[PDB]
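Here's the structure, in structure tokens; my notes come after.
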Amino acid sequence: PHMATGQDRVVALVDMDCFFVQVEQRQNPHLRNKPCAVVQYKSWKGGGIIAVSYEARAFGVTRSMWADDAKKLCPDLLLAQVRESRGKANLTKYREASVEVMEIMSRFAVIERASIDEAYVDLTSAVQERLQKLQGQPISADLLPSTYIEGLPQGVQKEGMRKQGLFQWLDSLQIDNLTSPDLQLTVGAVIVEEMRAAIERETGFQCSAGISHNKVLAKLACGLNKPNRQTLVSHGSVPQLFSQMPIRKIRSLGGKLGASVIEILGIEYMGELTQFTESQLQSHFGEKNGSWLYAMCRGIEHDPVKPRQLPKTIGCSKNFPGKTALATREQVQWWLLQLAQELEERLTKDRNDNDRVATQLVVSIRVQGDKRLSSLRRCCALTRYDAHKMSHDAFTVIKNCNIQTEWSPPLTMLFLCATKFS
DNA sequence: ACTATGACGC
DNA sequence: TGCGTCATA
Ligand SMILES: Nc1ncnc2c1ncn2[C@H]1C[C@H](O)[C@@H](COP(=O)(O)NP(=O)(O)OP(=O)(O)O)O1
Ligand SMILES: Nc1ncnc2c1ncn2[C@H]1C[C@H](O)[C@@H](CO)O1
Ligand SMILES: [Co+2]
Ligand SMILES: [Mg+2]
Ligand SMILES: [Mg+2]
């Protein structure tokens, strides 16, 4: 139960299964229980894929691959596309579905919304209460209909394995020690089973969850048994789980830092970090990242679940590749205006719904020839929620950046974001 | 030339 | 602070 072994909390991560697909299926019943996908608003090669149904994943379909190329592998494949507005994607439908789920989770515990379809939950308090109200009654497997215990058992049919693993887990749980970490996780999974049932009952959406002692393990556990299932990862299962867990699959190590770890230490798996001393890790990744790595490879992490439901920023952007790159003043003014209008639309609802106002406008662009996501970013005061004014304010700041008569090189990206709410 | 939000260091 | 860079859905 110690902080020392990082078994001090019960944390869960809930993520909706093929979220965009499910949102479309709720509107159109005919799309249910059939292989389908959702492509971006642009139609070329059938459109880029962002969300794929599980039925369709069986045929090998993935996101980030062309729709028509996906078609060949799964000809039965049904397609849904993001509605278009002001020349760009319209995600209102999904954002609205997102709100539904979040309000339901917030009823069971305060949450930390981490993305449009997932949120972390700190269930530590709720678990104590459940242990109080239970009054010593045992936990039957019937309260965990969709739970997988990572690492078990030791020694369609897949359902048989799940229950056997679940039974050995339950048969070895502490009965008298209410502060037993494993027992705490188990109760946390019970609460999550209820939470997920409510989400489905009230919205029809299905999802998965991970229950463990920290955000990193909870997030990792969540992807272990998808879809419509939840996974419990105990501290004792970590050595085994990490023995062959690719380093880049761990939260915050999917990019350069993670690549750097693989490269500098000559390892591929999380479990291999264990052989290094904390000082070796600090001398190579820094005091802070070194200590974090030292503890994380042992299943220990302390980032707290921070209650957040409201976005810290609201923004939108658009890319204009190749021929399309924005060269003239007319072009840049118009697209800035389209973006600012979407911004105004969202900021308005934001103010109507949450009584806060953005005081700052951030403008970001990318000039043709630049490999980076964004070439530069600037900001200015956001006094009025007026799209025309904001468009001109944004234009003035990008005009300042730097051929004094047109844009050379041209812009391949425009970005507007409202922040500094108060 | 295949499309959002959040955090960190300084 | 404001900004470049990094992380990830
Ligand atoms: N790179 C991207 N660009 C645009 N939209 C994206 C995106 N990544 C995800 N989305 C949109 C599309 C998604 O529907 C949604 C959720 O992202 P996930 O949770 O990553 N993926 P899903 O829910 O689909 O499947 P499951 O979790 O079961 O694996 O956000
Ligand atoms: N690579 C990383 N990804 C995410 N968070 C990290 C990373 N390295 C250090 N930290 C954090 C965690 C601690 O709470 C804190 C140490 O005081 O800093
Ligand atoms: Co004007
Ligand atoms: Mg998802
Ligand atoms: Mg997600």
Side-chain angles (χ1 to χ4, degrees), chain A residues 13 15-20 38-52 62-70 81-85 87-92 94-95 98 112-120 215-216 219-220 222-223 248-260 286-289 292 303 306 308-325 339 342-343 346 359-370 372-381 397 401 409-421:
Chain A
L13 174 77
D15 178 288
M16 308 292 101
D17 299 320
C18 54
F19 189 51
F20 282 18
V38 165
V39 287
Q40 192 53 280
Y41 76 91
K42 286 179 172 181
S43 294
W44 185 64
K45 292 194 166 196
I49 301 172
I50 46 181
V52 184
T62 66
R63 68 181 179 186
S64 174
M65 74 178 275
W66 302 109
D68 298 333
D69 281 348
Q81 199 170 35
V82 186
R83 225 129 236 285
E84 195 178 328
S85 302
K88 59 177 303 316
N90 188 312
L91 311 164
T92 308
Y94 317 118
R95 298 198 175 98
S98 179
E112 176 176 359
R113 179 176 147 289
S115 81
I116 195 173
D117 85 328
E118 68 203 72
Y120 290 92
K215 281 176 170 173
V216 178
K219 184 197 206 314
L220 181 73
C222 187
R248 285 168 133 267
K249 275 197 161 193
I250 299 304
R251 156 68 237 205
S252 88
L253 294 180
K256 304 200 177 191
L257 176 52
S260 176
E287 187 161 59
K288 176 184 163 174
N289 286 348
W292 188 86
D303 185 31
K306 281 150 292 194
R308 171 202 312 152
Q309 209 183 51
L310 265 36
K312 273 173 181 294
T313 69
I314 300 190
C316 52
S317 68
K318 168 142 183 147
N319 298 272
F320 311 90
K323 161 208 166 188
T324 72
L339 289 181
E342 183 201 314
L343 224 69
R346 293 169 65 186
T359 55
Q360 195 180 68
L361 186 71
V362 178
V363 189
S364 185
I365 63 171
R366 178 170 57 236
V367 338
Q368 196 171 61
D370 191 330
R372 301 173 289 171
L373 207 73
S374 63
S375 294
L376 71 82
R377 149 221 169 152
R378 295 286 179 274
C379 74
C380 63
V397 329
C401 305
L411 309 195
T412 58
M413 199 280 301
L414 285 186
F415 165 107
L416 279 188
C417 189
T419 195
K420 271 193 57 193
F421 287 86

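Naming: A, B, ... by sequence-line order, numbering from 1 per chain. No hydrogens, no waters, no symmetry mates; every other heavy atom, side chains included, goes into these values.
- Sequence order on DNA chain B of the closest nucleotides to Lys323(A) and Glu112(A) puts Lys323(A) first from the 5' end.
- Partners of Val38(A) under the side chain to side chain contact (heavy atoms under 4.5 Å, CB included) rule, at least two apart in sequence or in another chain, are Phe20(A), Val21(A), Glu24(A), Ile50(A), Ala51(A), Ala80(A), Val82(A), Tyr94(A).
- Taking atom CG on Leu91(A) and atom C1' on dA9(C), their separation rounds to 12 Å, with Å as the unit.
- The residue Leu257(A) sits close only to the backbone: its heavy atoms come under 4.0 Å of sugar-phosphate atoms, none of a base.
- Between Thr313(A) and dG6(B), a side-chain N or O to OP1/OP2 separation shorter than 4.0 Å is present.
- The separation between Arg308(A) atom CZ and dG6(B) atom P is 7 Å, rounded to whole Å.
- Comparing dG9(B), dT5(B), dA7(C) by their nearest atom to the side chain of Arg251(A) picks out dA7(C).
- Rounded to a whole Å, the CG atom of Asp303(A) is 10 Å from the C1' atom of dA7(B).
- Comparing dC2(B) with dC6(C), their P atoms sit 24 Å apart, to the nearest whole Å.
- A sub-4.0 Å separation between OP1 or OP2 of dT5(B) and a side-chain N or O of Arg346(A) is present.
- Neither OP1 nor OP2 of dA7(C) sits under 4.0 Å from any side-chain N or O of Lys219(A).
- Spacing of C1' atoms, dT1(C) relative to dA7(B), comes out at 16 Å, to the nearest Å.
- In terms of phosphate contacts, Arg377(A) brings no side-chain nitrogen or oxygen within less than 4.0 Å of OP1 or OP2 of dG4(C).
- Side-chain N/O atoms of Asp117(A) and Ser115(A) include a donor and acceptor closer than 3.5 Å.
- Contact between the side-chain N/O atoms of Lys318(A) and the OP1/OP2 oxygens of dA4(B) is not found at any separation under 4.0 Å.
- Summarising the geometry, the separation between CD on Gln360(A) and P on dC3(C) is reported as 8 Å, rounded to the nearest angstrom.
- When the side-chain nitrogen and oxygen atoms of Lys256(A) are compared with OP1 and OP2 of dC6(C), one or more of them lie within a distance under 4.0 Å.
- Partner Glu112(A) forms a side chain to side chain donor-acceptor pair (under 3.5 Å) with one of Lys306(A), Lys215(A), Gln309(A) and no other, that one being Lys215(A).
- When rounded to the nearest whole Å, the span between CG of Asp117(A) and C1' of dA4(B) equals 13 Å.
- Between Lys88(A) and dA4(B) there is a side-chain polar atom (N or O) within less than 4.0 angstrom of OP1 or OP2.
- Heavy-atom contacts from other residues, nucleotides or ligands closer than 6.0 Å to CZ of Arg95(A) number more than 12.
- With a 4.5 Å cut-off on side-chain heavy atoms, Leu339(A) and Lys88(A) count as touching.
- Exactly one of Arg366(A), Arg372(A), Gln368(A) qualifies for a side chain to side chain donor-acceptor pair (under 3.5 Å) with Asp370(A). That residue is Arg372(A).
- Between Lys215(A) atom NZ and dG6(B) atom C1' the separation is 11 Å, expressed in whole Å.
- With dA9(C), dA7(B), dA4(B) as the candidates, the nucleotide lying closest to the side chain of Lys312(A) is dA7(B).
- Atom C1' of nucleotide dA4(B) and atom CD of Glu342(A) are separated by 10 Å, given to the nearest angstrom.
- Mapped onto DNA chain B by nearest heavy atom, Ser64(A) and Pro311(A) fall at different nucleotides, with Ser64(A) at the one closer to the 5' end.
- Among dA9(C), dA4(B), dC8(B), the nucleotide with an atom closest to any side-chain atom of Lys288(A) is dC8(B).
- Close to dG4(C), at under 4.0 Å from its OP1 or OP2, lies a side-chain N or O of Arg378(A).
- Going from atom CG of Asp17(A) over to atom P of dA9(C) covers 15 Å, rounded to whole Å.
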